[PDB]
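Asker:
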Amino acid sequence: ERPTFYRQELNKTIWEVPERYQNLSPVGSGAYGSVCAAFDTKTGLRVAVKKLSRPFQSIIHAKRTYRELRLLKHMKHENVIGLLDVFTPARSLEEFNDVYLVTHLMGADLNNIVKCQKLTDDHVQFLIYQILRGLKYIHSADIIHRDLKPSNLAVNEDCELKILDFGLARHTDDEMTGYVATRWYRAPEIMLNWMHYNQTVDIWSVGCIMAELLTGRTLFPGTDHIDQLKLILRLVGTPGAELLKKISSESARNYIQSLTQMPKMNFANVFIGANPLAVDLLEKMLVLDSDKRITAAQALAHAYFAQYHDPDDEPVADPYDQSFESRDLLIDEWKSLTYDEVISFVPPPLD
Ligand SMILES: Nc1nccc(-c2c(-c3ccc(F)cc3)ncn2C2CCNCC2)n1
Numbered sequence: 004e005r006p007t008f009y010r011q012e013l014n015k016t017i018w019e020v021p022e023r024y025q026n027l028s029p030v031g032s033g034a035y036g037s038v039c040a041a042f043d044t045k046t047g048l049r050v051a052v053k054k055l056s057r058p059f060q061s062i063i064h065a066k067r068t069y070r071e072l073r074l075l076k077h078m079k080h081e082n083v084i085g086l087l088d089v090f091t092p093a094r095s096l097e098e099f100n101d102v103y104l105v106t107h108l109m110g111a112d113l114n115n116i117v118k119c120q121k122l123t124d125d126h127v128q129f130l131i132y133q134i135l136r137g138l139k140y141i142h143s144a145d146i147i148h149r150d151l152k153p154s155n156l157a158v159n160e161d162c163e164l165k166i167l168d169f170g171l172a173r174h175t176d177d178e179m180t181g182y183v184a185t186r187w188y189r190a191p192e193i194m195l196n197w198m199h200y201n202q203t204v205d206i207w208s209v210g211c212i213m214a215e216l217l218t219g220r221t222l223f224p225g226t227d228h229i230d231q232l233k234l235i236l237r238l239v240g241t242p243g244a245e246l247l248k249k250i251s252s253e254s255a256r257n258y259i260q261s262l263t264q265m266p267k268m269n270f271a272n273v274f275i276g277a278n279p280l281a282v283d284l285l286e287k288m289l290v291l292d293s294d295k296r297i298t299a300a301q302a303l304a305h306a307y308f309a310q311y312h313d314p315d316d317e318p319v320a321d322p323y324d325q326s327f328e329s330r331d332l333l334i335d336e337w338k339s340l341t342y343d344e345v346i347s348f349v350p351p352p353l354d
């Protein structure tokens, strides 16, 4: 029973993976865990194998590990990261302590593309279209990415995009400080935690991304939280009475009102020489009031993606049960919960 494993010390990290994976070669490591590039002899794909660090060292980590396995096991879309395999050398639940995850190796992200300069309108419709397609699928399952930025969109030679590095796990702490790109794409309402966020925060991120693809420049590259909010409000206008009442923090409201009111700028004078349809879409995505922002499913129907929009080919996801988020379990219960999901994984078909 079970495949044969083989262990090899890699840059001070013992990797014990099934032999179907060959030519393992370090490609990065961090707070997520260690990632290795390898050749998967069964699917014929070059893959990325992630060996989580201390997967069950705490209940926060035990839950994190579980939340990511559950999410990766659900995501089944072309434009979204997916699980090709999950395994543990552990013979029994008693010795289960390591979790390795496998997905298609991604080479370049959107970043190793835009930086060059501004992009062609066609490639902008395509890339953004794909982002919105994955998103309509992600949100239809009540999932919020929370961290949509260029570095989190894997892009290939034929401009095919996949959304990865979801939030559902890590908690941004002290990483959003200063002149950092980790924050240039967050909606203002989640950036200063004015209110509890909705999935439209993701739609705000896409507008930021789309704007950058068009101009070739970061839309709101603020040097700190306040400076960035200033950049946003200068373009979108200051909150109105309708919005102000939706902000719980009395301090936030008090701060906001201390600012000299400003009208929404003319997007056609910001994105000079850009397709009127692109401009029209940004105006709909970049709305201060998250309640009035366009939805992924609606964006797709927008005349900007006429060339690619196919209603019958923009699938939604199966219902996604994240009731466990409310569950209070001990380290060992998230651990056993993680084990069953590993144990029960079913590979996606082939070609
Ligand atoms: N090189 C590469 N290619 C594909 C994915 C990743 C990956 C995974 C990951 C996820 C699921 C899985 F099953 C296996 C690995 N977790 C983080 N990253 C990187 C994503 C880009 N920035 C640094 C970390 N890295």
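Using PDB author numbering, read the sequence shown as starting at 4 and increasing by one per residue.
Yeah, the Cβ is synthetic: ideal placement off N, Cα and C, and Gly gets one too.
1) On a Cα-Cα basis, can you pick out the residue from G276, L303, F274, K53 that is closest to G36?
2) Sorted by chain position, which residues of the same chain lie with C-beta nearer than 8 Å to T46's C-beta, five sequence neighbours on each side aside?
3) Comparing C-alpha positions only, which one of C162, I229, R220 sits nearest to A190?
4) Nearest to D150 by alpha carbon, out of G181, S208, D176?
5) Is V30 buried or exposed, if buried means 16 or more other CB atoms sit within 10 Å of its CB?
6) Ends of the beta strand (DSSP E) at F348?
7) Within the continuous alpha helix (DSSP H) that includes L55, where are the two ends?
8) What are the start and end residues of the beta strand (DSSP E) that includes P21?
9) Identify which residue in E192, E215, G225, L236 has its Cα closest to the Cα of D294.
10) Note down, one range per segment and in chain order, each beta strand (DSSP E) of at least 3 residues found wholly within the stretch 73-102.
11) Quick check on the burial criterion: 16 or more other C-beta atoms within 10 angstroms. Buried or exposed for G225?
12) For the 8 Å Cβ check, are there 3 or more pairs between the stretch 130-142 and the stretch 207-223?
13) Please state if the CB of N82 and the CB of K165 are separated by a distance shorter than 8 Å.
14) Under the criterion of a Cβ to heavy atom distance below 7 Å, does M268 qualify as lining ligand 1?
15) For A184, is the beta carbon positioned less than 7 Å from some heavy atom of ligand 1?
16) Can at least three beta-carbon pairs, one atom from the stretch 21-29 and one from the stretch 303-316, be found at a separation below 8 Å?
17) Helix, strand or coil: how does DSSP classify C39 here?
18) On the premise that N100 lies in contact with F42, defined as a C-beta separation below 8 Å, what is that separation, rounded to the nearest angstrom?
19) Using only CA atoms, which one of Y140, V349, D343 lies nearest to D205?
20) May I have the straight-line CA-CA distance separating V38 from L262, to the nearest angstrom?
21) Any contact of the stretch 233-242 with the stretch 257-272, i.e. 3+ C-beta pairs under 8 Å?
22) With a CB to CB cut of under 7 Å and the five nearest residues on each side skipped, what residues in its chain are close to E286?
23) So if DSSP puts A111 in a beta bridge, which residue, or which two residues, is it bridged to?
Answerer: In brief:
1) Considering only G276, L303, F274, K53, the residue with the shortest C-alpha distance to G36 is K53.
2) Excluding sequence neighbours, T46 sits near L87, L353.
3) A190 has its Cα closest to that of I229, out of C162, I229, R220.
4) Checked all of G181, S208, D176; the closest Cα to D150 is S208.
5) Its Cβ having fewer than 16 others within 10 Å, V30 is exposed.
6) Counting along the chain, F348 falls outside any beta strand (DSSP E), and DSSP gives it neither H nor E.
7) Going by DSSP, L55 is part of no alpha helix (DSSP H) but of the beta strand (DSSP E) stretching over 48-55.
8) For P21, the uninterrupted beta strand (DSSP E) segment begins and ends at 17-21.
9) Nearest C-alpha to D294 among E192, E215, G225, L236: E192.
10) Here the runs fully enclosed are 88-90.
11) The residue is buried, with at least 16 neighbouring Cβ atoms inside 10 Å.
12) As far as the Cβ criterion goes, the stretch 130-142 touches the stretch 207-223, which means the pair count is three or higher.
13) Contact: yes.
14) False, no ligand heavy atom lies under 7 Å from that Cβ.
15) Look at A184: its beta carbon is at least 7 Å from all of the heavy atoms in ligand 1.
16) No: fewer than three Cβ pairs fall under 8 Å.
17) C39 falls in the strand class under three-state DSSP.
18) For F42 against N100, the beta-carbon gap comes to about 26 Å, at or over 8 Å, which does not count as contact.
19) Distance check between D205 and each of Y140, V349, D343 places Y140 closest, using alpha-carbon atoms only.
20) If I take the Cα positions, the gap works out to 46 Å.
21) Enough Cβ pairs lie closer than 8 Å, so yes.
22) Contacts found: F270.
23) Partner(s): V158.
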